[PDB]
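Coordinates in review
Residues per chain, in single letters:
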Amino acid sequence: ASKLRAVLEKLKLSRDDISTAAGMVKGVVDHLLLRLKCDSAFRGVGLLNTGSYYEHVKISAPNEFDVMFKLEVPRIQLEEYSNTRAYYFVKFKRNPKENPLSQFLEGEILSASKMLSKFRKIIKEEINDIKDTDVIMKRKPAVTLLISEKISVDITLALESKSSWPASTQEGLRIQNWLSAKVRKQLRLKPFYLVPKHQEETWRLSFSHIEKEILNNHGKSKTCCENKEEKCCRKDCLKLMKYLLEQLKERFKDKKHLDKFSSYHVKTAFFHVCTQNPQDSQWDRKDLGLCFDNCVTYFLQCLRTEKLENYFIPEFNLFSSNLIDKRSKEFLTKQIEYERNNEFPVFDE
Ligand SMILES: COc1cc2ncnc3c2c(c1OC)C=C(C)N3c1ccc(Cl)cc1
Ligand SMILES: [Zn+2]
């Protein structure tokens, strides 16, 4: 309760410092954006979101920065890597003007592996040219860097499609009773992205932009969190959920049980709790303890039932036995139940 606000304030202590690191990050990205716009196929490249910390909100350790590069690919033809609902092959509709991505084609399909390797090469060729800071490219996110040994920058390359969302998403983003039918309509008119996540020809759908948008305009009231009277704890509940998983993942690092779990799981579950608790009166700042519990309780029910539907792709189950093993889900359940029933000691000093 007061224990939870102490943790959120402690999570602020680190966030206050970031100001020096954010500037060093932007200097590298912009120099890499200019070197890419030189290339024939990467002329339409650019960063997704413009804001502070450069989309750092993933890890509560303020050193890991995640940046997304986008590239508009018009007249796109998506062919589902059938029955998966989320992974697609990239085909091209009409051939009057030859597309700059011809070099990455593997027949009709656009190879993500060929598209990545050239991208990965261009910047590695540019790192040795950098005389300002010390950049170390680690390959295992499409590309990763270690700026000044302290800063870690994970670069992701995404295709942008300004067309209608795939039929698999038709029944997703069920925000109607929370954010409204008007908002759903407006969000679905926005573009969608595809990330190289493999069959080294397949790309997975990305809605990181929609997610960010609904988190920064998350109430039923348009003035939610805009004044002292309408302050909810939606954002704090997500921050605590993300922090719980980070603390447990770090606790059991050399045990590989939680390797399949990520903050995406905790963000998905959170949006499902927002859909079931659509009223701003269900997220009052004074009720933080119970709201966080509602999030913990719902996550525990997802683990036990082995059902965590993708919030955009409802037939895609993130907790299927094909994605995460029963033992792994049962192991996370045991750890979270211990936390819940012991007043989250993993949050203590
Ligand atoms: C929009 O749809 C998705 C977005 C994602 N954004 C991040 N990570 C995602 C997704 C997934 C998606 O659904 C198809 C699915 C999975 C398994 N993961 C994921 C989760 C945990 C770990 Cl360890 C690695 C990857
Ligand atoms: Zn709010």
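Residues numbered from 1 in each chain as written, not as in the entry; some residues may be left out. Chains lettered and ligands numbered in written order. Heavy atoms only, no water. Residues with missing side-chain atoms left out of burial classes, pairs and counts.

For this deposited structure, the header cites X-ray crystallography as the method used and 2.4800 Å as the resolution.

**A closer look at the overall build of the protein**
Helix and strand counts for the protein come out as nine helices and 10 strands. Against the compact-globule benchmark of 20 Å for 349 residues, the protein has a radius of gyration of 21 Å, which places it among compact chains. In terms of principal-axis extent, the alpha carbons of the protein reach across some 60 × 45 × 45 Å. (Helix = DSSP H or I, 4+ residues; strand = E, 2+ residues; numbered from the N terminus. Rg over C-alpha atoms; globule rule 2.2 N^0.38 Å.)

**What to know about the environment of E349**
Looking at where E349 falls in the secondary structure, it is placed in the segment after α9 (326–340). One polar contact links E349 to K10, side chain to side chain, over a distance of 2.9 Å. (Polar contact = N/O pair within 3.5 Å; in protein donor to acceptor, adjacent residues only side chain to side chain.)

**Focus: the site of ligand 1**
Taken together, 13 residues sit near ligand 1, with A86, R204, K260, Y264 and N310 positioned nearest. One of the side-chain nitrogen or oxygen atoms of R204 is found 3.2 Å away from a nitrogen atom of ligand 1. The side chain of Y264 places a nitrogen or oxygen atom 3.5 Å from an oxygen atom of ligand 1. Protein chains shield 79% of the accessible area of ligand 1, which is 530 Å² for the free molecule. Where the shell around ligand 1 is concerned, the elements lending two or more residues are β10 (202–206) and α7 (263–276). Residue composition of the shell around ligand 1, by class: seven nonpolar, three polar and three charged. (Near = heavy atom within 4 Å. Areas by Shrake-Rupley, 256 points an atom, 1.4 Å probe, with all protein chains shown as cover. Nonpolar A, V, L, I, M, F, W, Y, C, P; charged D, E, K, R; others polar.)

**A word on the coordination of the zinc ion (ligand 2)**
Within the protein, the zinc ion (ligand 2) binds to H218 (NE2), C224 (SG), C225 (SG) and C232 (SG); these donor distances fall in the range 2.2 to 2.4 Å. In this structure, the zinc ion (ligand 2) is coordinated by four donor atoms arranged in tetrahedral fashion, with angles at the metal of 101 to 122°. All donors to the zinc ion (ligand 2) come from one chain, and their sequence spacing reads H-x5-C-C-x6-C. (Donors = N, O, S within 2.8 Å, 3.2 Å for Na, K, Ca; no water. Tetrahedral: all angles 85-135°; square planar, octahedral: opposite > 155°, others 65-115°.)

**Topic: the environment of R174**
Looking at where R174 falls in the secondary structure, it is placed in the loop between β8 (151–161) and α4 (181–188). When the C-alpha positions of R174 and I147 are compared, they lie 40 Å apart, and in sequence the two are 27 residues distant. With residues near it in sequence (within four places) discarded, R174 still touches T275 and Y311. (Contact = heavy atoms within 4.5 Å.)

**Considering the domain arrangement of the protein**
On domain assignment, one finds that the protein holds domain 1 (1–13 + 165–191 + 207–349) and domain 2 (14–164 + 192–206). Inter-centroid distance (C-alpha atoms) of domain 1 to domain 2 is 26 Å. There are eight residue pairs in polar contact connecting domain 1 and domain 2. Secondary-structure elements contributing two or more residues to the side of domain 1 that touches domain 2 are α1 (2–15), α5 (208–215) and α6 (234–251). Of the residues forming the side of domain 1 that touches domain 2, the biggest block, four residues, is contributed by α1. Tallied by class, the residues present in the side of domain 1 that touches domain 2 amount to nine nonpolar, six polar and seven charged. (Domains from an automatic or database assignment.)

**Re a positive patch on the surface**
A surface patch of positive charge is lined by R75, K93, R94 and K97. Looking at the element boundaries, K93 is found in the loop between β4 (87–92) and β5 (105–106). Taking the relative accessible area as the measure of exposure, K93 reaches 44% and is therefore partly exposed. (Patch = residues over 30% accessible without salt bridge, like charges linked within 9 Å, V, L, I, M, F, W, Y side chains within 5 Å. Salt bridge = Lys/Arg side-chain N within 4 Å of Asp/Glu carboxyl O. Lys, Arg positive; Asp, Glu negative; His and termini not counted. Charge placed at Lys NZ, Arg CZ, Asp CG, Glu CD. Buried < 20%, exposed > 50% of the residue type's maximum accessible area, 1.4 Å probe, protein only.)

**A few points about the side chain of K70**
Within the secondary structure, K70 sits in strand β2 (residues 64–72). Summary of buried charges: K70 has no salt-bridge partner, and the nearest side chain of opposite charge, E160, is 4.9 Å away. Only 2.8 Å separates the side chain of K70 from the backbone oxygen of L47, close enough to count as a polar contact. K70 has contacts with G44, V45, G46, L47, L48, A158, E160 and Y193, leaving out every residue within four places of it along the chain.

**Focus on the nonpolar core**
Ranked by internal contacts, the top residues of the largest apolar core, which has 104 residues, are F42, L101, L145, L244, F292 and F347. Broken down by element, this core gets its largest block of residues, 10 residues, from helix α8 (residues 288–305). When residues of this core are assigned to domains, at least three map to each of domain 1 (1–13 + 165–191 + 207–349) and domain 2 (14–164 + 192–206). Apart from residues lying up to four places away in sequence, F292 is in contact with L4, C237, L240, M241, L244, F344 and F347. If you look at the next biggest cluster of nonpolar residues, it comprises five residues, including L48, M68, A158 and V195. (Core = buried A, V, L, I, M, F, W, Y, C linked by side-chain atoms within 4.5 Å.)

**A few points about the packing of aromatic side chains**
Following the criterion strictly, the structure yields 18 aromatic pairs and no others. Between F270 and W283 the ring centres are 5.8 Å apart and the planes differ by 70°, which places this aromatic pair in the edge-to-face class. Note that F270 is positioned in helix α7 and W283 in the loop between α7 and α8, a separation of 13 residues in sequence. With respect to burial, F270 and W283 carry one shared label: buried. A centroid spacing of 5.8 Å and a plane angle of 20° characterise the contact between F344 and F347, whose relative ring orientation is stacked. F344 sits in the buried class, given a relative accessible area of 10%. Judged by relative accessible area, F347 falls into the buried class, the value being 4%. Among the aromatic residues, those joined into a ring-pair cluster are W165, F207, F270, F271, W283, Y311 and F312. (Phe/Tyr/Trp six-rings, centres within 6.5 Å; stacked < 30°, edge-to-face > 60°.)

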